[PDB]
Amino acid sequence: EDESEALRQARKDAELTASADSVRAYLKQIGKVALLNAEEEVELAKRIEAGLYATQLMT
DNA sequence: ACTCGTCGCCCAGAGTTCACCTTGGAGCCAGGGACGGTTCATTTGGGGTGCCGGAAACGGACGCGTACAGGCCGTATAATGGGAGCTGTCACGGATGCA
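Right, dumping it as structure tokens:
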């Protein structure tokens with residue numbers, strides 16, 4: 206099943222794998238970040254604008 | 001009954017060698033021109049030249065436009081984890097991950 210330590214140990218063991226192929230390793234690394242949407246990207250852009258404005262003020 | 005073929009013989013000759021006059025020459029020396037290889041005077045027609053006047057080509061300098069070659073920059077519906085590669089070898093000494 207999904208619970209009672211059935212697949213979590215398998216997932217952890219899979220995550221702890223060499224993956225000697227460089228492209229496969231890069232894909233494994235890139236698969237650890239979830240996708241975003243419109244609200245997330247606009248909030249991130251607002252944060253970018255605030256950070257750039259603060260950096261310009263500091264300079 | 002007999003000669004023209006063949007024998008010696010006898011004298012003219014002939015051109016041959018010996019040993020005699022002449023006489024056109026080879027050089028032989030002397031003498032005397034004219035002439036040309038040589039030298040020395042002119043002789044002024046011509047070669048020569050240095051040079052800048054200087055006119056003008058020429059070979060380059062110089063300043064300023066033009067042209068592609070290569071480079072930088074930007075495009076605002078959405079577009080969110082990959083193809084692939086063919087692997088019948090044999091031995092083997094040894095490291096190395098898991099026994």
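Residue 210 in PDB author numbering is what sits at position 5 of the first sequence, and the numbering runs on without skipping anything.
Note that the Cβ used here is the ideal one computed from N, Cα and C, for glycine as well.
Asked                                                                                                                                                           : Found
Tell me, to the nearest whole angstrom, how far the beta carbon of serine 224 is from that of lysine 233; I am working on the premise that it is less than 8 Å. : 6 Å
Output the residue ranges of the beta strand (DSSP E) runs that lie fully inside the region 228-254 and measure 3 residues or longer, sorted by chain position. : none
In the structure shown, what three-state DSSP assignment does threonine 260 receive?                                                                            : helix
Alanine 215 lies in the alpha helix (DSSP H); which residues open and close that run?                                                                           : 213-220
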